[PDB]
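Trainee:
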Amino acid sequence: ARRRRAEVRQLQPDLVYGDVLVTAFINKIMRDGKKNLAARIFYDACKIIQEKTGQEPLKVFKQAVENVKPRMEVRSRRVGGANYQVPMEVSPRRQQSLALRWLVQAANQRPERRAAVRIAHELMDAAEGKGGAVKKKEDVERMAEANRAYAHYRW
Amino acid sequence: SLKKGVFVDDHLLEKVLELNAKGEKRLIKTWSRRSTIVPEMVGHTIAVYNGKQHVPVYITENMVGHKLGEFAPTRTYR
Amino acid sequence: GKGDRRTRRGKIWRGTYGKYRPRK
Amino acid sequence: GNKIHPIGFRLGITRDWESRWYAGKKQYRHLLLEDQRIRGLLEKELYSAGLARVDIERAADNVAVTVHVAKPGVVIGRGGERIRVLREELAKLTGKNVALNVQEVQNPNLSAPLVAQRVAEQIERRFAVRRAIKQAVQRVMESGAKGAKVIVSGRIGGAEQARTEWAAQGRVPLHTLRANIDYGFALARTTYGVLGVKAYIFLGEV
Amino acid sequence: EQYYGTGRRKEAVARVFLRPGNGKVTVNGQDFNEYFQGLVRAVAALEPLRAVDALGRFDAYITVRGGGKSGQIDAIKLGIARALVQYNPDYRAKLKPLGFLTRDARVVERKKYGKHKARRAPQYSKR
Amino acid sequence: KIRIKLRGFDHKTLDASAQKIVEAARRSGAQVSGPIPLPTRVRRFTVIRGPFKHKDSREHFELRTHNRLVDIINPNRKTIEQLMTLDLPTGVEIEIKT
Amino acid sequence: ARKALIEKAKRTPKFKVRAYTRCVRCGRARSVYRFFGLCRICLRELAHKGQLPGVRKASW
RNA sequence: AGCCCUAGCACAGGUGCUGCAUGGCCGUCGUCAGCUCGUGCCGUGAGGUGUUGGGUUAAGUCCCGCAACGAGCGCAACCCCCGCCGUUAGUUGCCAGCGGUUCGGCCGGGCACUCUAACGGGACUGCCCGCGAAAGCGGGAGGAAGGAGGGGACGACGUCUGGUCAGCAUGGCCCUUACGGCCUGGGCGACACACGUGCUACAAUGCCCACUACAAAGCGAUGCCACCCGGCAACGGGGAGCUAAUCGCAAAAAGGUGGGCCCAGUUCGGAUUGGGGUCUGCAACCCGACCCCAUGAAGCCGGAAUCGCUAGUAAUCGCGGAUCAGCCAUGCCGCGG
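Chains as they are written, first to last, in the authors' numbering: chain G, 2 to 156; chain S, 4 to 81; chain U, 2 to 25; chain C, 2 to 207; chain I, 2 to 128; chain J, 3 to 100; chain N, 2 to 61.
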């Protein structure tokens with residue numbers, strides 16, 4: 002990206018909830034270009050959200066995310082001395098990239114042996130707010146602040 | 004690993020067979036390591052070429068199945 | 002998978018046929 | 002170490018094959034070998050004529066062999082004499098009775114293989130390389146060409162270090178496909194090692 | 002009585018014949034959901050109808066060859082649009098915003114020599 | 003109904019010299035099952051550009067055998083007029099079949 | 002030993018198998034296409050001259 | 001006479017050395033936006049100007065300026081492949097439209113559609129708004145395609161005294177009862193070690209079995225092998241078809257549906273080894289691949305380092321070909337999901 006500012010690739014909306022955000026999440030789950038099994042897991046997880054809580058799987062998922070989006074993070078920057086971690090505010094595109102990313106990663110660490118379960122519980126756990134997905138989120142907010150001394154660089 | 008014949012050099016047996024009608028020879032020497040050993044053609048001592056020289060190998064029963072080059076190795080320091 | 006000759010996928014990959022992958 | 006054959010590049014436009022015979026997948030191999038041994042024979046024992054191209058067509062024992070030259074008379078003699086021997090000399094080993102057309106070239110200073118060939122000849126005659134190049138281009142530029150270029154390889158003037166002396170005028174756009182660029186390549190078996198002569202002559206478009 | 006369009010996508014081609022009535026859709030001597038059975042994105046193929054409210058007030062006999070299932074799905078999707086605007090040419094200036102009328106040029110790009118796989122380049126080592 | 007096939011490396015002088023079998027069996031003849039093109043059979047040749055080690059950098063050659071098909075439904079000798087000997091191929095091959 | 006070898010590449014050999022191909026104009030053992038009897042080298046050579054009929058510069 | 005055999009003579013032969021004597025061809029910076037010439041102008045002169053500058057471009061691409069005005073080798077374009085549309089053509093393709101169907105496009109019937117393959121049309125910054133002196137940049141419609149629509153072929157002056165005398169060509173030098181030649185064996189396949197490139201994995205988004213037209217390039221009449229029978233299978237009998245849009249290699253695999261395994265060095269992984277076989281071939285010990293039984297290793301995602309890739313790309317799954325009796329192919333060149 003030396004030349005342009007890269008047009009954010011626009012996503013084909015969901016075949017169910019008609020939501021672009023959903024699909025995005027489904028992709029992050031996908032492995033070797035197996036979108037089918039990917040979407041099976043996410044949907045067959047939405048099923049687990051019902052059998053356990055009253056709420057619509059979407060509004061679970063949706064608000065589960067917003068709890069995993071970080072507001073600040075640290076990006077390195079050296080000088081004529083050493084490398085320092087300036088805490089930086091985090092732009093809306095990156096927030097989504099990171100939450101969704103983190104969600105799945107966090108999920109596949111869980112114990113239950115079946116993809117659909119893990120996605121579900123983690124989503125559920127992160128809607129409540131007790132997820133290990135949300136740990137990787139509080140940890141960065143905390144890893145800023147700790148470097149609050151350096152937020153006078155910012156570039 | 005074959006099953007119609009045993010593919011042993013014919014010029015070998017002629018020596019062996021016609022050495023097997025009262026024949027006691029030990030100076031028997033060959034380059035036919037490609038040739039299968041054959042039933043109870045024992046007792047004899049075939050020197051086999053390893054690529055550099057001939058090897059005085061005495062033939063027993065038990066080794067009847069194997070080929071002749073399995074006893075004249077072609078290298079050094081194993 | 003692709004290196005166990007006695008699996009169907011080991012045969013497919015090896016490109017051969019037999020007990021564990023017969024041709025119809 | 003770059004730069005394609007400007008001819009090989011053009012086949013399908015601008016330049017057409019010197020062998021227009023369809024064959025099949027176990028005969029092609031042979032109608033190839035013959036086809037070639039033909040030109041190995043012509044080119045040896047017909048050099049003096051000055052042969053540019055050697056078209057060849059086939060169709061089950063009729064073979065076109067249209068020999069293009071600047072001085073046809075040396076394939077002939079006065080009446081028949083020689084060409085009579087050669088339509089024989091062809092069919093001599095080629096177990097087929099051959100045809101044998103003959104063509105002239107309205108200008109041998111537009112025949113790249115000749116322009117290159119002449120330049121070579123000068124070089125075994127211990128000539129002034131720099132001039133030969135500059136002459137050759139000048140001749141060809143005056144036979145009405147739109148642009149033209151000549152290269153020699155190295156050991157120029159019997160020297161110890163291999164060089165590469167070159168020259169050109171007008172357009173010689175090797176990157177245009179609609180270019181029509183005769184290319185020709187001569188040797189030069191000198192007393193101290195080989196030289197190498199590329200020749201380029203560009204004509205036109207649409 | 003009948004309307005038609007040609008759908009294609011990634012070496013996959015769809016003869017698409019439309020009729021009014023009922024709601025059934027034939028594909029290669031099979032029902033839709035037996036051919037695209039348990040393949041989540043199939044229903045996409047009929048979002049043309051769902052746009053113009055043609056919904057299932059149409060029947061469609063569709064043969065299709067070339068590709069693999071999910072290419073065909075987008076191919077059919079193109080036939081459905083290229084057919085129903087050939088029924089009502091006023092059914093165009095509403096399928097523009099969704100763009101259901103574009104071949105989608107994306108196909109397997111060529112494997113190049115000296116790579117591995119088109120763009121995938123073989124592995125460096127330096128020392 | 004008469005069957006002739008026409009192969010060729012050259013794509014231009016086939017459709018040309020087999021629209022010659024169109025016309026010379028149209029003028030002197032009658033109804034035609036036109037020139038239909040069988041698919042082509044491409045023999046690829048891939049070769050490394052260099053005399054010595056240069057395993058990348060290669061060149062690409064093909065030998066495309068175009069195939070064209072032509073049949074006509076009046077087996078008369080008032081057609082084999084030109085189709086006797088009236089020839090402008092060069093390196094086309096012919097397969098007159100029954 | 003390339004010569005005694007090119008005039009043995011032609012001899013009908015004791016045992017069928019020992020038969021091998023060869024550049025017709027190279028005398029070259031390796032990479033000899035069956036369709037031409039030519040080394041990959043002497044082949045790129047002719048194809049460029051034009052002396053190889055219908056052989057085109059492949060592009061796609 | 002030709003031609004062959006023995007003793008002689010010129011000569012053959014050499015993958016013997018020299019890529020620092022060379023041709024040719026390749027690699028490389030680098031598909032980088034450059035490298036130059038003619039005439040004029042400036043400078044005693046080497047040289048400079050042009051080609052510097054501002055705007056713009058993927059680009060020395062254009063624009064505007066200017067002692068320069070133009071031009072060549074470059075860039076771009078003319079070529080090929082892929083996208084949409086149109087003619088021409090009907091032993092591949094169908095009720096789309098009707099009658100028989102032993103319900104298989106199989107028989108008339110038909111080329112509309114899909115396709116096969118030749119030639120054309122099409123996109124150009126043309127049109128509307130916006131900024132600009134211009135070229136052009138931001139948009140917007142129309143359109144299959146919008147600003148280089150995507151992918152190729154194409155590699156400037158030249159650099160690395162780059163590579164290659166072992167493809168071939170060639171100056172020189174060197175052996176010429178042997179540095180030439182023929183054979184039979186052996187070796188290039190060695191193994192305390194070390195790196196490169198890969199392959200198969202360490203499993204549950206997974207492995208196993210069963211059943212199920214998704215079909216998009218290529219090859220085959222001393223061959224591809226349908227279909228039979230024997231065989232757990234490799235393969236062997238037998239035999240149909242096609243010089244092949246017609247017959248065969250053909251099963252595509254990932255996938256969908258069903259069942260099974262339940263976290264374990266395991267129904268993960270298939271190394272090693274024992275044995276019994278098949279095939280090609282004169283011949284598989286050194287040194288072949290394939291089948292079957294038994295054996296089942298290290299491996300629980302990898303230190304410091306470090307590689308590829310910006311879209312049908314990476315990732316993943318099969319498919320074919322070239323060489324080739326066979327095969328040590330997990331390599332290479334391609335193809336599609």
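Even for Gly, the Cβ is constructed at its ideal location relative to N, Cα and C.
Candidates G:132, G:106, G:93, G:142: which alpha carbon is nearest residue 30 of chain G's?
Mentor: Answer by Cα proximity: G:106.
Trainee: How is the alpha helix (DSSP H) around residue 94 of chain G delimited, first residue to last?
Mentor: 93-108 is the extent of the alpha helix (DSSP H) around residue 94 of chain G.
Trainee: Got a sec, what are the start and stop residues for the beta strand (DSSP E) residue 86 of chain J sits in?
Mentor: No beta strand (DSSP E) contains residue 86 of chain J, which DSSP labels as neither H nor E.
Trainee: Roughly how many angstroms lie between the CA atoms of residue 46 of chain I and residue 21 of chain G, to the nearest whole one?
Mentor: Near 18 Å, if we compare the C-alpha coordinates of residue 21 of chain G and residue 46 of chain I.
Trainee: With a threshold of 8 Å, are at least 3 pairs of Cβ atoms found where one atom belongs to the segment 176-190 of chain C and the other to the segment 27-36 of chain I?
Mentor: Because the criterion of three Cβ pairs below 8 Å is not met, the segment 176-190 of chain C and the segment 27-36 of chain I do not touch.
Trainee: From the DSSP output, in three-state form, read off residue 144 of chain G for me.
Mentor: The answer is helix: DSSP assigns residue 144 of chain G an H, G or I state.
Trainee: So is residue 97 of chain J in contact with chain C if we call contact Cβ pairs under 8 Å?
Mentor: So no, residue 97 of chain J is outside the interface.
Trainee: Residue 62 of chain G by DSSP, collapsed to three states: which one?
Mentor: Helix.
Trainee: Check whether the segment 64-72 of chain G touches the segment 95-110 of chain G, counting contact only when three or more Cβ pairs, one atom from each stretch, lie closer than 8 Å.
Mentor: Segments in contact, yes.
Trainee: Which residue marks the beginning of the beta strand (DSSP E) containing residue 167 of chain C, and which one marks its end?
Mentor: Its beta strand (DSSP E) spans residues 167-171.
Trainee: Give me the Cα-Cα distance between residue 55 of chain S and residue 2 of chain U, rounded to the nearest whole angstrom.
Mentor: Between residue 55 of chain S and residue 2 of chain U, the C-alpha separation is close to 46 Å.
Trainee: Take residue 5 of chain I as the anchor and find which of I:93, I:114, I:88 has the nearest alpha-carbon.
Mentor: Ranking I:93, I:114, I:88 by Cα distance to residue 5 of chain I puts I:88 first.
Trainee: Just tell me which of C:158, C:134, C:160, C:165 has its CA closest to the CA of residue 150 of chain C.
Mentor: Looking at the Cα atoms, C:134 is the closest of the given residues.
Trainee: Any beta-carbon of chain I closer than 8 Å to the one on residue 60 of chain J?
Mentor: So, interface residue.
Trainee: Kindly list, in the order they appear in chain I, the residues whose Cβ is closer than 9 Å to that of residue 37 of chain G.
Mentor: By Cβ distance, chain I contributes 39, 40, 41, 42, 71.
Trainee: Any idea what DSSP makes of residue 67 of chain J, helix, strand or coil?
Mentor: Three-state result, residue 67 of chain J: strand.
Trainee: Indicate whether at least one CB of chain C lies closer than 8 Å to the CB of residue 44 of chain J.
Mentor: It does not; no Cβ of chain C falls within 8 Å.
Trainee: Alpha carbons only, please: which of J:84, J:87, J:50, J:68 is nearest the one belonging to residue 60 of chain J?
Mentor: Nearest C-alpha to residue 60 of chain J: J:50.
Trainee: Can you give me the start and stop residues for the beta strand (DSSP E) that residue 8 of chain J sits inside?
Mentor: Start and end: 4-10.
Trainee: In chain order, what residues of the same chain lie with their CB nearer than 8 Å to the CB of residue 42 of chain G, ignoring the 5 residues before and after it?
Mentor: For residue 42 of chain G, where only same-chain residues beyond five positions count, the Cβ hits under 8 Å are 30, 116, 117, 120.
Trainee: Do you know whose CA, among G:56, G:3, G:66, lies nearest residue 123 of chain G's CA?
Mentor: For the residues G:56, G:3, G:66, the minimum Cα distance to residue 123 of chain G belongs to G:66.
Trainee: Nearest to residue 1 of chain S by alpha carbon, out of S:16, S:74, S:8?
Mentor: Limits of chain S in this structure are 4 at one end and 81 at the other, which puts residue 1 of chain S out of reach.
Trainee: My guess is that residue 33 of chain N and residue 23 of chain N are in contact by the Cβ rule of under 8 Å, so how many angstroms apart are they, rounded?
Mentor: Contact holds; Cβ gap of about 6 Å.
Trainee: Go ahead and label residue 81 of chain G buried or exposed: buried means 16 or more other beta carbons lie within 10 angstroms of its beta carbon, across all protein chains shown.
Mentor: Label assigned to residue 81 of chain G: exposed.
Trainee: Less than 8 Å between CB atoms is the rule here; does residue 11 of chain J satisfy it with respect to chain C?
Mentor: Judged by the 8 Å Cβ criterion, residue 11 of chain J is in contact with chain C.
Trainee: Decide if residue 123 of chain I is buried, meaning its Cβ has at least 16 other Cβ atoms within 10 Å, or exposed.
Mentor: That one is exposed.
Trainee: Please state the DSSP three-state secondary structure of residue 74 of chain J.
Mentor: Correct three-state label for residue 74 of chain J: strand.
Trainee: How do the segment 26-43 of chain J and the segment 65-79 of chain J stand: do at least 3 beta-carbon pairs fall below 8 Å, yes or no?
Mentor: In short, these stretches touch, since the Cβ pair count reaches three.
Trainee: So what does DSSP say about residue 97 of chain C, is it helix, strand or coil?
Mentor: In this structure, residue 97 of chain C counts as coil in the three-state DSSP scheme.
Trainee: When DSSP labels each residue in this structure, what does residue 6 of chain C get in the three-state scheme?
Mentor: Of the three classes helix, strand and coil, the one that applies to residue 6 of chain C here is coil, per DSSP.
Trainee: Taking the CB atoms as reference points, tell me whether residue 44 of chain J and residue 64 of chain J lie closer together than 8 Å.
Mentor: Contact: yes.
Trainee: Can you find at least 3 beta carbon pairs, one from the segment 37-45 of chain I and one from the segment 11-18 of chain G, that sit closer than 8 Å?
Mentor: Touching, per the Cβ criterion.
Trainee: Helix, strand or coil: how does DSSP classify residue 49 of chain N here?
Mentor: Residue 49 of chain N falls in the helix class under three-state DSSP.
Trainee: Excluding the 5 residues preceding and the 5 following residue 147 of chain C in the sequence, name in chain order all residues of the same chain whose CB lies nearer than 8 Å to its CB.
Mentor: Cβ neighbours of residue 147 of chain C beyond the five flanking positions: 171, 172, 203, 204, 205.
Trainee: Look up residue 122 of chain G in the DSSP assignment and say whether it is helix, strand or coil.
Mentor: Residue 122 of chain G falls in the helix class under three-state DSSP.
Trainee: Is the Cβ of residue 51 of chain N closer than 8 Å to any Cβ of chain C?
Mentor: Chain C, which has a Cβ nearer than 8 Å to the Cβ of residue 51 of chain N, makes this yes.
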